[PDB]
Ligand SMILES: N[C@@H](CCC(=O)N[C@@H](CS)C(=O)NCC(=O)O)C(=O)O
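A single chain, nothing else alongside it, follows as structure tokens in the form deposited without the ligand.
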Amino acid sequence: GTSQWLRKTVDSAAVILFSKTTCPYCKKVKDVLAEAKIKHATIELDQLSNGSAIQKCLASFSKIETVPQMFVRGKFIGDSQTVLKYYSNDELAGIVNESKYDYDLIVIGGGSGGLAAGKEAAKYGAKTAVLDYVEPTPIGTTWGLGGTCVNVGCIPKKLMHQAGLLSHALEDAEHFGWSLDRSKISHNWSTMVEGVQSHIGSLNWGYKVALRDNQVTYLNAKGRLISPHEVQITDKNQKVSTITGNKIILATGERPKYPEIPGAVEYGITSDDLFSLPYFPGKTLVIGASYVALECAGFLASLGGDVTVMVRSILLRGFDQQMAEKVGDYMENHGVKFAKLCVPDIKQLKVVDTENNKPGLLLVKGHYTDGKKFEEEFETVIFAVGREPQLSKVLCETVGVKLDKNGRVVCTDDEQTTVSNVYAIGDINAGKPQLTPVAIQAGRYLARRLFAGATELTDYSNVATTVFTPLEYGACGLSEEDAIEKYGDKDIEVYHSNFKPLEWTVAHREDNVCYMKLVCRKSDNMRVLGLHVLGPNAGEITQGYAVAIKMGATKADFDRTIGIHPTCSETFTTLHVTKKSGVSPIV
């Protein structure tokens, strides 16, 4: 119990001090360590409810039972007299840098999860390397340190969403008394992209500064795991070499898929290319119906573009389908065209005009599921048909790391792979939600367990989401159809209501488009199984409720909490119309 924890903690910690807050000999050792600039984990036994047992177990390692005790990479170094001995004899620095491997930790992948893991590990004295390389897109697009979210994901996507939201702010301003004329105003794409990219550039720089300031080695090189402890690296001159590490974290993420049709790779683009594109896409086809497809089509339409979305089967597969349909109906009422039940079978009519900064022109041919034909011209074609890893590029098959049928890494609930010193975090961890805050939490918590004796695991259940379509959609927990499948229709009650933002009244916007519902379990005290909201600032609205759902909130907890007025979120505190009653949810 305690003894198995202590043995795991001593074996993998890089530099660790066992201590008590009240001991002057411990304080004496602490003072020497960072005077020598030695980072290390510390465990204060007088703060743990079974530190008495832990203190006894230490003797199995050191032959002594007192504090302080200092260890390095699994070996007892000494008590207070001995550490100080090594200090004044100039032997300490070499003791703490002695290692079987080049690094205590090698992280393959410099994105959301890998940067978080690497920085946290270095805080506790682990000698750490972070490797990052960006394979160019088929047209040559590349970018800096930070991963998919920072460069070609959450950050530029929401900034362009905000640019689209501002179009309605300009419209609304007239009704609130401002003198501008919305009809005489236009949008400049390249001015937007320049501002977005300047912010991304400050993030690239900020990450390189942060790794420097934590004493992390950053290598802009491609990594490949060739045995449990050996990582082969290839740098920008094609020089190949091998570095070794005790623990390995795989954190290499995914890249967009292309469909296997003529012309797709040659003449289309993906989200990887869109966020730094030097010309306005113009008339655009988006192929796909994921949240990436709908978000990109949405802001393009708000920025003045002529936009079509070609949908294989349904919108937002895997999300609540009543909410998916309301999301799409709103988009279709504000500009976006949909080619439903349709797939592509791409021809080039004009080459991209790199000089004058203009798109080319394309003929797209496809068919509907009944066999009728699709044929139309577009200036830009964007594929948003899913994302995949390519771990046969990162991971030799002889190492023994097990993958699933989709090519993701099969892990235990502490992120361990089938190779005992190798872990995986982020989008490549099979079965986990593919989100930046999850990858960050998993990375930081894993670093603390490896190098500071922590025990807390990452909790992957009921993680809230937000889809940033022109009208935003936040959710936490089960869809209504999943809840019914799991418990049966008679054990599920659904409370719901339309609402109108107060900001929308003077602006003459729609009365009954925003919507929210709570999906509850009758036989478990009306437990809230899932929460759904369509409306402005849906992410801000949803976040706080995710804490209450984590704690097991019921309908009664929502009723006894009082609202804040005037807000959209307060509508969750007075819900009363049930779906079974058949009463209308309009307001």
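Each form is matched to the other, and the largest set of C-alpha atoms that superpose within 1.5 Å is called the rigid core. Throughout, we count residues from 1 along the sequence that is shown.
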Legend entry - Between 499 to 507 and 92 to 100, the one whose CA atoms sit farther away in 9 other deposited structures of this protein (rigid core aligned): 92 to 100
Inset, instruction - Figure out for me whether 390 to 398 or 374 to 382 is the more displaced stretch in 9 other deposited structures of this protein, taking RMS C-alpha distance from the shown form once the rigid core is superposed. - result: 390 to 398
Inset, instruction - Report, from the record, the number of residues in the deposited sequence between residue 329 and residue 330 that have no coordinates, as none, 1 to 3, 4 to 9, or 10 or more. - result: none
Inset, instruction - Would you determine, from the values in the PDB entry, which of 105 to 113 and 175 to 183 has the greater average C-alpha temperature factor? - result: 175 to 183
Inset, instruction - Quick one: say whether 230 to 238 or 159 to 167 has the higher mean Cα B-factor in the deposited entry. - result: 230 to 238
Inset, instruction - Select one of 197, 321, 82, 434: the residue whose C-alpha shows the highest B-factor in the crystal structure entry. - result: 82
Legend entry - Maximum C-alpha temperature factor, selected from 470, 474, 94, 118: 94
Inset, instruction - Please rank the C-alpha B-factors of the chain's modelled residues and tell me whether residue 555 sits in the lowest, middle or highest third. - result: lowest
Legend entry - Within-chain third of residue 561 by Cα B-factor, per the entry: lowest
Inset, instruction - Taking the values exactly as deposited, rank residue 493 by C-alpha B-factor within its chain and report the matching third: lowest, middle or highest. - result: middle
Inset, instruction - Report the third (lowest, middle or highest) to which the CA temperature factor of residue 538 belongs, ranking only the modelled residues of the same chain. - result: lowest
Legend entry - Chain thirds of CA B-factor: placement of residue 283: middle
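The next section is about a form of this same protein that is not shown, the form deposited with the ligand bound.
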Inset, instruction - Using heavy atoms only and a 4.5 Å cut-off, determine which of 491, 174, 79, 102 is in contact with the ligand in the deposited bound form. - result: 79
Legend entry - Distance check, residue 20 to the ligand in the deposited bound form, heavy atom within 4.5 Å: yes
Legend entry - Contact flag, residue 68 vs the ligand in the deposited bound form, heavy atom cut 4.5 Å: yes
Inset, instruction - Report yes if any heavy atom of residue 542 sits within 4.5 Å of a heavy atom of the ligand in the deposited bound form; otherwise report no. - result: no
